[PDB]
Structure formats: structure tokens, C-alpha cells
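Worksheet: one structure, shown below.
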Ligand SMILES: COC1CN(S(=O)(=O)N2CCCC2)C1
Ligand SMILES: [Cl-]
Ligand SMILES: [Cl-]
Ligand SMILES: [Zn+2]
Ligand SMILES: [Zn+2]
């Protein structure tokens, strides 16, 4: 314990030896308190001016205004639960590894990611780009590395905010050991028949409909109450078994990240009373946001196969597994494991399962005892499943089946339109020029034109924003692919995404205009949040050229395209 965290603790203690106070009124009983020291949501105006009807919708406007979960302790699974998890985890890493080779990620790869600007949740150097251009930083990584090979840690400390930051150096060493999981698509659907990494919103609906085609019971989509807080040291040990597939240096580096920064953690949390509190603990999810996605997917795949085993009566008791029950669990995994993975869509802590039958609904002993407690339902109340794949929630969406005038079938993502409009009206951080604010609006507009084209208000607002922002200005700012981030014409990108590259579309005839591209039903559009039929919305649509001109006047004398005549009503 303190042998693995002390140096990190000893080091911090000194840089702040002037104020090292062992507060006796610290609010902790689940963390291990160590000491304390002295320390010290903006609206996008381009989108808001082009969405005026929503200025009076509280679900939109309230989105732009303005832990007791982390300080909890998950129990220890029982012998039979621990055996089920170890056997399943061993088999799952083997399956994921059959067509993939673990490998170390490179300084070169990491530098390019930073040059391309990506969320690396990092903290001598201003930005992350400058540090990647300083050899001293790399000498620091080297000292830290050999330390990890020396089987010890000095500088890999978390900062809670609850999303924990590490400094760029410790992010590098995490990426070097484990980035292959994401960089080489270990959770692609093709490689892990449950995963959806890299799939994209335009694919998720087709995937759920493919699961719906399997013979079986209802579709179950139980959310876990605070997934990251329910990750057990036993979960962290089964995730570590990926190092068993590694060799040489890599295996040792990966082992150190798991041992020193996962199965042991040191965190700095700011407390108002404002001090810095240096706390530690073993279990719970604390990793980069990308590694956390992959390991969440893995452990979720594991938990859901075990829940399926319980429904199928592969085992009777989580208390203890018989010897013949071990061979049966193994027989089941080898005989039907891949078939049972294909009955799932799993995105980190989010899942949809189509089990063999509805015994799964009341198979709760392993799921509860693994600590993966379901959200807003009583611990022993059977799960309520969905009968129709078009009503299943997944990755904050539902999916509609939409028939084009030519008979071809689109499966399209959807959510409450208030949520879509409210999110596009928010920027993150400040220092934003009018130009950079306009390019973010453009990025939302292009997303709506490709993914939400079927919502009458969003196709009209997207056309209006793309009309209001200079034509050649470039849009700016893990299951997803951002095809809207481009200056290419949006009808050409629509054709590539929905027709050309769409494996569920046999007829490859390109669409010639936006009017070939259908909408949801008028009533189905209202149900999912549309303002069609309101007076405010009618005035907005009728007078849209006046709103477009207001924003053009603010941005100034630039080159604009009118995209509004791409809609039937706006044709002279
Ligand atoms: C469900 O009710 C719908 C409200 N209308 S509409 O005709 O005003 N409308 C539909 C296209 C945009 C204007 C019927
Ligand atoms: Cl249903
Ligand atoms: Cl975006
Ligand atoms: Zn370290
Ligand atoms: Zn909908």
C-alpha cells in the first residue's frame, strides 16, 4: 500500500511543506486521507439567433445555466461470483486477442494526436503541444518509465473535478501501454461481436435491428447506477489479465500502469474550507477517458455474458461453483460464447441485450453481487424489457425506420429535439472569436444535416446556419465517426454515409437532391419534440431569410451561399 503510494505522497508533501496540515475535519471514510495544503457554460450566439422559437422553451434555456457517489465502498463478490468473472475474463481476452496483436503506442503517435487536438485530460509549459516539442519533458517521461520498470511511481497522481486529470507525461505512459485497445479497434463490432467502437450514430440503429432479428426474448437495456464507482478491485484484476497476451518491455510497462495507477491511486481534490486534499484508494475506475471506455466495454461484456449464463441456468449458486459447474461455464463459452456476444450492443457502461428468452429479466444474483446495481428499479425487481427495437434507448438515442419514396430503408438516430437544440446553443470554454463561434455552429448544423435530416426543425435550422456562416469557413470542435467535420458539400457526404458505404443498402443509386431525402411522420416529429404546428415556429420558418441576414450583418462582408432553396417551400 504505502510502499506503492508513499513516494508519490512524500514528493507532493515537500513541494508544499510550507502548509502540510493533517486536517482532522476531512470528509472521508471511504478514501484514505493523507494530508492537505494551501491552493487557489457560455451560449453560442450564432446558433441562438437562428433558433429564436426555443428562447421561450425552458428545457432548452435551462440547459445553458449554472462527490456523494465517489465516497462509497463496493463489497467483495463471493467465491462463485469471482470464479465466474475470472473464467469469463480469461476467455474474453483470448477471443479479443485472436485477430489482434497487443503493441506499445509511440511518442510519434502521441505527438500527432496533440497536434490534432484531442481530449487527453492533461494539466513549465502552457499547452500540451508545447511540451511535446520539449525534450526535457521526454527526459521526465524516461525517468518515470524506468521507475515503472524499477516497479515504482513518483508523478502519476490524479486531479478530481468527477473526471480526474493527470499531467501529459503520465497520460503518455498510460497511452504507450494501453492505447492499442482504442488505436487498434479491439472493441470494433467485427473484432468483439458485442462492441460498437468506431461504428457511428448512422450505424447503431442498423446494429440494434440486426440484434432484433435473433430469436429470443425482449430487448433489455438496464443502466447501472454510477458504473465507474462500482468497479471492484476484482474487476481491475480481470482487466489486468490483458497483460498475459503481451511480451517483453510492453508486458512490464502495462503491468506497472495496472499495479501502480489503477489497483492503486493517489488523487488531489480541492475542498472549500480552499486546501488541497491528497487521498488514495484501490478499487473504482480511475484512467484516461479512452482507456476507461475500452475497459468499461470489456467488464460490461463480461457482466452481461454471466447474466446470460444465470438466465440459461449454466450455474445455480453465486456462493460457490462446483468443479463440474466450472467445466459447464467453460463448455458454454466455447460452445455458444460468440453467439451470445452477438446478441449484445455494448458501449462502455451502456448495453442492449437480446437474451435467449425472458428468464434473463429475473437473473439478478450475479449482476447484484458483481456490484453492477441497476438504476431506478428495486434490487430484486425483474427487468422490464422492450418489445420493439425502435423504442430501445442506446447511447442517448432511439432509432426510427424510415422508408424513402424509392422504397430503400434508412434506420436513423433520434432524441428529444430540445436536447439537440439546447446542446448546440452551448460552447465550452471562452476566448472565442466570432469566427470560431460561427465554425462551431456550422459543426452542429452539419451534424444535424447528416444524422437528424428527418427532423423538420433541424433540417431548416441547419440550412439556415450553413447559409449564415461563410461558405468556405471550416467547422471546428468513442463509438463515433465525425463525417460532418468537412467543407465538402453535405449532399455528397449524405450519399457516401447513407448509400455508398452503408452495408444495409443493396441499391447504390445516388440521391440527386435533398427533396429525395425523407422526414419522420408529422405526428412522430411532434412526439420527438418538433415545434411544427406552433405559431412561433411558422413565423420563424416564414421569416428565416431575415434571421440569416441578421447573423450575416454581424459577421460582415464575406462570401455566403443560400442553402434554403434546397427545401421545397423556399423555392421561388
Ligand atoms: C402533426 O401536425 C402537423 C403540424 N402541421 S403543418 O401542416 O402545419 N406542418 C407540417 C409541415 C410543416 C408545417 C400538421
Ligand atoms: Cl416496447
Ligand atoms: Cl459537434
Ligand atoms: Zn508513475
Ligand atoms: Zn424520435
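Residue numbers (PDB author numbering): 273 to 312, 319 to 344, 356 to 412, 418 to 455, 473 to 584, 588 to 791, 797 to 891.
We treat Cβ as the ideally placed atom computed from N, Cα and C, and that holds for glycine.
Bridge partners - residue i, DSSP secondary structure assignment
{"i": "residue 728", "result": "712"}
{"i": "residue 579", "result": "453, 592"}
{"i": "residue 658", "result": "667"}
{"i": "residue 816", "result": "Bridge partners of residue 816: none, in fact."}
{"i": "residue 293", "result": "308"}
{"i": "residue 646", "result": "None, per the DSSP bridge assignment."}
{"i": "residue 740", "result": "321"}
{"i": "residue 506", "result": "660"}
{"i": "residue 530", "result": "700"}
{"i": "residue 795", "result": "The model of the chain omits the segment between 791 and 797, and residue 795 is among the residues lacking coordinates."}
{"i": "residue 882", "result": "According to DSSP, residue 882 bridges with nothing at all."}
{"i": "residue 476", "result": "453"}
{"i": "residue 723", "result": "717"}
Other residues of its chain near residue i: CB distance less than 7 Å, five sequence neighbours each side excluded
{"i": "residue 281", "result": "306, 577, 592"}
{"i": "residue 504", "result": "652, 655, 656"}
{"i": "residue 788", "result": "753, 806"}
{"i": "residue 764", "result": "802, 803, 809, 812, 813, 816"}
{"i": "residue 510", "result": "500, 518, 798"}
{"i": "residue 491", "result": "391, 392, 394"}
{"i": "residue 413", "result": "This model leaves out residue 413; its place in the chain lies between 412 and 418, and no residues are given there."}
{"i": "residue 682", "result": "693"}
Cα-Cα separation, residue i to residue j
{"i": "residue 781", "j": "residue 817", "result": "23 Å"}
{"i": "residue 425", "j": "residue 579", "result": "22 Å"}
{"i": "residue 435", "j": "residue 567", "result": "14 Å"}
{"i": "residue 285", "j": "residue 299", "result": "20 Å"}
{"i": "residue 783", "j": "residue 770", "result": "20 Å"}
{"i": "residue 738", "j": "residue 322", "result": "8 Å"}
{"i": "residue 428", "j": "residue 409", "result": "18 Å"}
{"i": "residue 839", "j": "residue 720", "result": "15 Å"}
{"i": "residue 768", "j": "residue 399", "result": "38 Å"}
{"i": "residue 866", "j": "residue 823", "result": "39 Å"}
{"i": "residue 860", "j": "residue 841", "result": "16 Å"}
{"i": "residue 742", "j": "residue 341", "result": "13 Å"}
{"i": "residue 889", "j": "residue 311", "result": "58 Å"}
{"i": "residue 536", "j": "residue 834", "result": "44 Å"}
{"i": "residue 356", "j": "residue 871", "result": "45 Å"}
{"i": "residue 717", "j": "residue 523", "result": "18 Å"}
{"i": "residue 600", "j": "residue 475", "result": "7 Å"}
{"i": "residue 658", "j": "residue 437", "result": "43 Å"}
{"i": "residue 365", "j": "residue 376", "result": "17 Å"}
8 Å Cβ shell around residue i - same chain, five flanking residues per side excluded
{"i": "residue 574", "result": "544, 547, 548, 551, 596"}
{"i": "residue 441", "result": "447, 448"}
{"i": "residue 630", "result": "639"}
{"i": "residue 420", "result": "none"}
{"i": "residue 827", "result": "818, 819"}
{"i": "residue 297", "result": "584"}
{"i": "residue 493", "result": "508, 604, 605, 607, 608, 797"}
Expected contact under 8 Å - CB spacing of residue i and residue j to nearest Å
{"i": "residue 528", "j": "residue 669", "result": "5 Å"}
{"i": "residue 775", "j": "residue 762", "result": "7 Å"}
{"i": "residue 553", "j": "residue 382", "result": "5 Å"}
{"i": "residue 700", "j": "residue 532", "result": "7 Å"}
{"i": "residue 450", "j": "residue 564", "result": "Actually they are not in contact, since the Cβ atoms of residue 450 and residue 564 sit about 12 Å apart, beyond 8 Å."}
{"i": "residue 660", "j": "residue 611", "result": "6 Å"}
{"i": "residue 748", "j": "residue 874", "result": "6 Å"}
{"i": "residue 358", "j": "residue 540", "result": "5 Å"}
{"i": "residue 666", "j": "residue 530", "result": "6 Å"}
{"i": "residue 778", "j": "residue 836", "result": "Contact flag wrong, Cβ pair sits at about 17 Å."}
{"i": "residue 750", "j": "residue 374", "result": "Wrong, their Cβ atoms sit about 47 Å apart, outside the cutoff."}
{"i": "residue 727", "j": "residue 515", "result": "6 Å"}
{"i": "residue 853", "j": "residue 711", "result": "In fact, because the Cβ distance is near 25 Å, the residues do not count as touching under 8 Å."}
{"i": "residue 319", "j": "residue 740", "result": "6 Å"}
{"i": "residue 663", "j": "residue 538", "result": "3 Å"}
Contacting residues, own chain, Cβ-Cβ under 6 Å from residue i (five flanking each side not counted)
{"i": "residue 293", "result": "308"}
{"i": "residue 624", "result": "677, 680"}
{"i": "residue 673", "result": "625"}
{"i": "residue 303", "result": "593, 595"}
>> I'd like to know if the segment 328 to 337 and the segment 599 to 608 are in contact, where contact means that at least 3 CB-CB pairs between them fall below 8 Å.
In response: The segment 328 to 337, when compared against the segment 599 to 608, does not touch it at the 8 Å Cβ threshold.
> Can we say the segment 693 to 700 touches the segment 803 to 814, given the rule of at least three CB pairs closer than 8 Å?
Replying inline: Not touching, per the Cβ criterion.
> Do the segment 717 to 734 and the segment 831 to 848 make contact, defined as three or more Cβ pairs closer than 8 Å?
Replying inline: Taking 8 Å as the limit for Cβ pairs, the verdict is that the segment 831 to 848 does touch the segment 717 to 734.
> Is there contact between the segment 622 to 637 and the segment 477 to 490, where contact requires at least three CB pairs shorter than 8 Å?
Replying inline: Result no; under three Cβ-Cβ pairs closer than 8 Å.
> Should the segment 492 to 510 be regarded as contacting the segment 383 to 391, the criterion being three or more beta carbon pairs within less than 8 Å?
Replying inline: Contact between the segment 492 to 510 and the segment 383 to 391 is present, because at least three Cβ pairs lie under 8 Å.
> Is it a yes or a no for the segment 362 to 375 touching the segment 875 to 884, going by three-plus beta-carbon pairs under 8 Å?
Replying inline: Verdict: no, contact absent.
> Does the segment 700 to 720 touch the segment 674 to 689, meaning 3 or more C-beta pairs lie closer than 8 Å?
Replying inline: With the cut-off at 8 Å, the segment 674 to 689 and the segment 700 to 720 do not touch.
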